[PDB]
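Chains as they are written, first to last, in UniProt numbering: chain A, 404 to 1928; chain B, 1781 to 2015, 2073 to 2335.
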């Protein structure tokens, strides 16, 4: 039966923390009730403690765990409760629950559970270094949490372990808390951290939760604690990693049910106690006021307080609890007036005239506070309201017993530990703007105010006099005794709970929603007594397992957030879909109905008057009202604002707006009511404005994002950006800011001045120095940028940003966060966005970010790139993008048509001996294949074939290869792939295709030059690599085995766009050159993917219009559906953490019956990703799903396992494909994945070139990679990832493919721009010319400057020049512009080559080779390497110096250094033989030096560096010989 | 009172449907002390082809008040426009920026201003209205001699209520005699002092008694508050407020089309820069900007303004004084100057003598720009819209504006032969950008101490902000005289967040 919704309004608790859920009270031992006029007074005496049992001794720090006693100095005698608890607190990871009176000493029990959790990680030669442990300590209050952090810092520094407090913004201070141990925080702190994602980046190492004073569950704040508990239990049962759960609460019922919700054992994990073990037994008195008029009650309270004052006016201590801001000093002078009018009675609080240090209290006369008239008497008023140090000066003489009467507020009970004999608390209520008016004070608040009566040292038994209501004193006395049951407010934020957990992804469907809603403390509550929870007994028994209640409750939150656009799904699916707006609201803690109002009010035209009004109408404060009693001053409050809300009228909207403006101007509003309204409103204002800002920026209103960044800065700093900049740095006075603000002097010209001139504006050289230092601390980012045209409407912008102010690590702190936004012509909407998060490492250095922005039909005169910090005030840097002379490339003609001819069978070619190795594999050739057949077989022409990876380009080359073999037996053919893995793999095909079947010997090029020259000439088919095929045969003139090549094939011809493609480009150029020079017609067959520039590729490489055939990637054998999946956080760590859910979910969703290859950026990421996917599938009880076979079928292949990781990962069916495993291990895993036993494979990003096992589903996750060369993230290669997406297809079975590109927000846009459209091919000949130019100048084909011009007339730049001259930045496309471009380019190239001591430039026309030039040409080394060798290698050098000279070579820096590796090689070079002077391990020069030292020392390294040293030595030989020469 | 602008009638068809025939409507405006009524009656020919009817009559009323504000003597241009009908306030505040210092407001206090068509004269004349026209009448016509404007308003309001209630007992009161006639040139019956007082008693007792017999009330025990309430009704910051609607005006353009000289140049601009420029201007604060453009290949008779240059200046009601040193900019290094342009609060079909004078004094202070090839584009703020034109000075206007020292309103040497037209075209194919000053932004509106036309300042390839931007009003934004240590007072800074 479909779920039936319930009206979620009434079934929950109204006005939390005052519920009084029990229908009766209980009397204490000696309670006495006196019924008087105007008030009934009930008194209860002190308790008699529970007697210590027989054979019971308390615990000092001696017989305790030794590593625990450290830091417990001075404390020889603990409280008996902590003593009895410490055994299990130190010996058990069981979940512990304590219920004890405030001051019992459970604090040290949790402290000891934290010390033992610290001792859980310890060493012999190493200390409690906390790289293995972390804790989350949720304390209830800000002042008490701060106090505990401050104290436990020093107490806990004994091992050097740091306790930090949680206040830090998301990304500014994250690596510092990563540099922190147990984090002390609040429930809302933890909740916001979890909705932002802060908990999982630390998780699996934070094994302890320390909840103190969880009694606020009955208060409305209970939702956060309940969210914490539910998420904790659910995620723990999914992760199987344990965690200690230690909750401490006051003595009240429902502790067993709360322990149940906390997964706490009552058997050995329960600690329950009543008020009997109290520190000082409490004698309580409730004075309940039944008076009808508050006009009588207000003075009756003064009179009764005067009575309670003259009672303890003897030797005693009165701590007065006042509720209003100035009530501290307002309760004062009332006792003074009573004492004064009493005819010299009520005063004289001392033992005489000379005694009790009355001269001290008088001589302490001057304080900035009202101590002037209060200190000479014994009664004083204390608060943080008055001052900072005056609280200290009051509390000092209070502890000295010189102030026996002190009036303060509940911030005192929230403050430090200071004792008092007796409490007198007036009011019992507060002014709460959460519900809008006066409310009964917090339960935890009243327990706090009663937690400071009675000292452990001087005071024996405490008392209290609380002036409250006679109706609420029943609840107040059932609170002071164990009679208030601890209930929950869950159903209140159950909507925010649903939204948050749906954005968090632990609950997708209604099934997971019921599983999560059963995780609340409300679940045990309803399970044990739905009575006050919303059911009658008949239906309760009819739905015993709460199945129906979780079917009802969840549905309401689901539907409400669905209407409010935080969810979107019908009753059909049940699976949740959270969007950008729901995300912004859930992450920035604004209400979901306020978020609905904001989505509906947000428009492109939002002015300031309307923006602030929309912020004031937010549903966060539906309880704020506009009272007349302050509406008189509200007129002034509207008068002092500079921006007019005047569309708003005198009511809560305008009152909130004018309160915003009055605070921003720092304007004084008399009424405490409006003051409190301002407090709450502006407290949530940052959050609301932040959510609206993220929303409107992602929606693309650039003007709205500018207004919102102005509002965000102004609400952060509580000021206006029109005010002096240095007002955000606390250093220079308001006087100095105003001195700079008096006259008209823009900030933007404050930099160019001298130190004296900077102050000479107001004529004060006394400031010039400090003002100058402030101007040098004034933040600035500097921007250079380049524009590169790829397509007509599509361009690229590459920006370099450097900090132009030296940072201040006390002000700049950890890092600088900003937004760089690419904007259109007139800058009304934003085009794209990159959020810059720059650490302390990268200041003053250029930041090189590359992102693509398009254009459209109306070619614009200039676009924009704006870099402005998040929090900064008046600090921004814009960057023009001038396109007035911009000419983009030619619109490329559309694709060749996909015509329909008969599927050609494999016997089509009349050769049976050729059909043999074709027919038995695929029954029908692809459309592209049957189309190419005619021109590729029955002709001798040069072919250029565009078809995306997976359409059969190997067959396009093979038809022509068989054609050449049919043309002649002894004809030659050389195929070239610039990808070494692709060349070896296609050689793996051709070896069985040719040697056994066709007998034509196959040879794959090798590094050994002699060996490769010999290799050619024996085989008719030679596969090759670019360097091996260029360096050799660049001088082919004499080697007669080259000019005889009747066929040359080239695989992956689009690859020109990337670096190191100039080798293959020059190789094809020279191939055609020899094809003309040899007098023989030399065929070429180039196969590549779809490219727009295919026409020019053909026209250059010798193809005509009809004899060219280029097809798009949309014409594919098995068409693929690709998707872009975003995680909106900029931190690559956060992205990789939160992408795990989409990968497993996609395995289950798109291809639950097909294999899944998950490509991740790193090799070690492969093991970790298999672990994560396994921990995501194991909770999904249908576990071990990636295996299709029995248990014992794997053991014969698992016997040869090396890493225990790989064995178990294959056992769960995952398996990883990387370098560290053996080649036979790669063979086993490939066999498993290709055969279908392992339904999943986790592959490193680099393995997408040599993937010899096909697949059905591809998940390219975290397309970034952390390159150590810049020590920063970078996009995955375009064509590599395109082949990766092609690697998910099984032509035999699948009818379509599934590719999921999981990428960030900015890194999925480039996907949408480059993936579904094909990609052209670019020519980098302008950059990489000198190397091949030098080789050919030596080889005597390039004989003069004009000869180098002739050389230019052959290459790929020659093609793309007038196609997109904006790529090489050529200012012209006409004849003279192209002529001058070629001329000057060849000229500067030959000039630099002759300056390098490589060539001789005579007459400015002729050129010839020299010693160095010939050396380079022969040894195949870069000109830079040869120049450094020529300039360094001198007379007296030795092996050591030559090692560094050869290590700093050009071809030696291509090897990278990975993440956090600057320590391994550092400790290695600590004991390495030849030391260095100021080297950084992030330079591949010092890295190759370290590899050389290690290889010379014959010490075994880790594989990550072993591969590197191998690659080094495999190449160093040519450089060695050249340097000896 | 736009209650009467919308009118229809229902009659039974042969189908069974209640067939609707639209009828003559009218938007009424009243002024008490003028005793003045102006009813703009449109005949039923208006709503023949327009699908929407109610909101259509509302928009018609708003645009009608707009054009009436365009036609009425500025001496009578009022400060506030009070509206009986709420929906007027929106379209009125959209269209009445043509009186931008005229605020628009609705009345919670309602007036029987439409039901005063229960007089045979006005109602009959409204239904007999044969074409569109606004007529006026004198309501309290006779009272003002020995009565007050205030009492005339109170009396008309009460008698109007009584007429809207029954009008039959009201006719009994208004024609209690056969010899007492009403002045036909006046609206109401010309009665003596005691006669008008007795009529006040009649209308007030009518209101009170009908109120009581309707509400089953003891209407004699009601106070004077209930009686009065029932009878009479129901019982630069201006710039910072108005200028924010500059985006709504952009999408309403008028390009002056008239006789073609057909020999000179024709200026074609992309309208996005004009939108953004009226957005960085205001309703009265006139913005000045120098145009830059290209002539199309093989199209010398066309001059497309493809870029805007904003240089340091400020703008006032009728003039705009721009930098005498003119713009140098690489983005326009291959460009030419086509002249100047200004936003305008006031609407007339004559090229400003001050503007053309600055133009000729710039073409004579720099001969690079061609005088006949220089044009000044005025963007006038018409009723809820912008109307754009571009006029050019010949040698006649050039001499006038060059030697002309006094830039008064109608100086000695203004002439109707002085200025000349050029035709301009909006275009949706190509877009440019704007370039503004370097070390500050364009706007020194609030800052006159930093103003000069000889000022040294570069131009920058970037976009501008609105007129009232937080930067270019440095006066009020830095206005802060604060007592700091008030933050220690009320030290309850409970945060609990982050």
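Ideal placement from N, C-alpha and C gives every residue a C-beta, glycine not left out.
To the nearest angstrom, how far is it from the Cα of residue i to the Cα of residue j?
| i | j | result |
| --- | --- | --- |
| residue 1874 of chain A | residue 1889 of chain A | 15 Å |
| residue 1490 of chain A | residue 1456 of chain A | 6 Å |
| residue 2009 of chain B | residue 1929 of chain B | 19 Å |
| residue 1357 of chain A | residue 1363 of chain A | 10 Å |
| residue 1214 of chain A | residue 652 of chain A | 39 Å |
| residue 1306 of chain A | residue 1504 of chain A | 30 Å |
| residue 694 of chain A | residue 875 of chain A | 14 Å |
| residue 877 of chain A | residue 986 of chain A | 44 Å |
What is the DSSP secondary structure of residue i, counted as helix, strand or coil?
| i | result |
| --- | --- |
| residue 2014 of chain B | coil |
| residue 2259 of chain B | strand |
| residue 2170 of chain B | coil |
| residue 1393 of chain A | helix |
Looking at the unbroken alpha helix (DSSP H) that takes in residue i, where does it start and where does it end?
| i | result |
| --- | --- |
| residue 1334 of chain A | 1330-1340 |
| residue 841 of chain A | Where residue 841 of chain A is concerned, there is no enclosing alpha helix (DSSP H), although the beta strand (DSSP E) it sits in stretches over 840-843. |
| residue 498 of chain A | That residue, residue 498 of chain A, is in no alpha helix (DSSP H); it is neither H nor E in DSSP. |
| residue 741 of chain A | 737-744 |
| residue 919 of chain A | 913-920 |
Report yes if the CB atom of residue i is closer than 8 Å to the CB atom of residue j, and no otherwise.
| i | j | result |
| --- | --- | --- |
| residue 1668 of chain A | residue 1648 of chain A | yes |
| residue 1381 of chain A | residue 1467 of chain A | yes |
| residue 1877 of chain A | residue 1896 of chain A | yes |
| residue 1240 of chain A | residue 574 of chain A | yes |
| residue 1185 of chain A | residue 1280 of chain A | yes |
| residue 1590 of chain A | residue 1634 of chain A | no |
| residue 1622 of chain A | residue 1917 of chain A | no |
What are the boundary residues of the beta strand (DSSP E) that residue i is part of?
| i | result |
| --- | --- |
| residue 1254 of chain A | 1250-1257 |
| residue 1038 of chain A | That residue, residue 1038 of chain A, is in no beta strand (DSSP E); its alpha helix (DSSP H) goes 1031-1042. |
| residue 2028 of chain B | A gap in chain B, from 2015 straight to 2073, means residue 2028 of chain B has no coordinates in the model shown. |
| residue 1449 of chain A | 1448-1454 |
Pull up the CB-CB distance for residue i and residue j, whole angstroms please, since I reckon it's below 8 Å.
| i | j | result |
| --- | --- | --- |
| residue 1620 of chain A | residue 1646 of chain A | 5 Å |
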